[PDB]
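A single chain comes next, written as structure tokens; it is the form deposited in one PDB entry.
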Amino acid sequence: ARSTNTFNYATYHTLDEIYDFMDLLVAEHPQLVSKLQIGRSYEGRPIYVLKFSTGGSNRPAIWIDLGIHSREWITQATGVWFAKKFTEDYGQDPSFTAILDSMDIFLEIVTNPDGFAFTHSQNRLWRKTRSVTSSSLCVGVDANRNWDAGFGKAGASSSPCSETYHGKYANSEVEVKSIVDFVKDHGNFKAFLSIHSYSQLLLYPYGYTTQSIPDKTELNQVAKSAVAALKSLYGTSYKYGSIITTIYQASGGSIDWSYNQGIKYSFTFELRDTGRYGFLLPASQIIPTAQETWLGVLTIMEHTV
């Protein structure tokens, strides 16, 4: 509300409230947080990224995006909690402090603004973007199947009306291209994490191919460690492994793209729960979900630094 200290972290918010939150956080911690606009959505909404940094020039960075699939509300809520957490733990938590003293963190809380606004206004379960094409009456593209990584291959639909439609061509969605352009221009990201829900899974590349990544041993142990850390708070059990062997083949995914760009620590989190509530996770589970997920994300960050 008037302060990030009065903001209700235990309830779901609208796009405007989340955008207001960002400005409050920056005004309160001008020396640590800055708000960057990396593009505009299909419907003209600004796409914001929060940069957490103690200084330096183009220091090694960590990318974290949430809400690429709009109906996965627990992600945007966790993103807001993360933003506040970073400001409270710097200078308090020895490990997190060391990380921020040497690396920058870029956080995109609402990766798909138009879809998010739509889930509040018309369809709570909408997941795609809101782009339109003359070739069909259906709207939107599955932003996590629109990346240039096995684009168009099995594990995505070529039908505009499909919930997993990949789009006319790779990076056709401005919400995706905005991230691609930013990360390529930056050129110094070491980790790339994309947050989703639900299933309680921690996955690494690849999803579009059966080929094993050359860093499988390391990423597999990092995942095992992150999952153990996350489970330590409430006993929440996660499974981990490559996308294709844990779930199924899926093309045009973001971490497959990032890994091919040379960003070794690329992981995807699928948060609570396992189906009881699914995408409609109770607000009472926001904080405990964010708390445990933080332990997992920090573990990965520690291995990155």
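In this text, residue numbers run from 1 along the sequence as written.
Beyond what is shown, the protein has a form deposited with a partner chain bound; the following relates to that form.
Partner-contacting position among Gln221, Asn188, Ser121, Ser95 - heavy atom within 4.5 Å of its partner chain in the entry with it bound:
Spelling it out, the residue with a heavy atom inside the cut-off is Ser121.
Every residue of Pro30, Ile64 and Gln261 near its partner chain in the entry with it bound, heavy atom within 4.5 Å:
No, because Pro30, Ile64 and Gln261 lack any heavy atom that approaches its partner chain to within 4.5 Å in the entry with it bound.
Spell out, yes or no, whether the shortest heavy atom distance between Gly275 and its partner chain in the entry with it bound is within 4.5 Å.
Flag for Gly275 set to yes.
Could you tell me if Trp73 has a non-hydrogen atom within 4.5 Å of its partner chain in the entry with it bound?
Taking the distances in the entry with it bound, the answer for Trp73 is yes, it comes within 4.5 Å of its partner chain.
Contact with its partner chain in the entry with it bound for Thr54, defined as at least one heavy atom pair within 4.5 Å: yes or no?
Result no; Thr54 lies far from its partner chain in the entry with it bound.
Residue-level contact is defined here as any heavy atom of the residue lying within 4.5 Å of its partner chain in the entry with it bound; does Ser172 satisfy this criterion?
Looking in the entry with it bound, residue contacts with its partner chain do not include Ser172, since no heavy atom lies within 4.5 Å.
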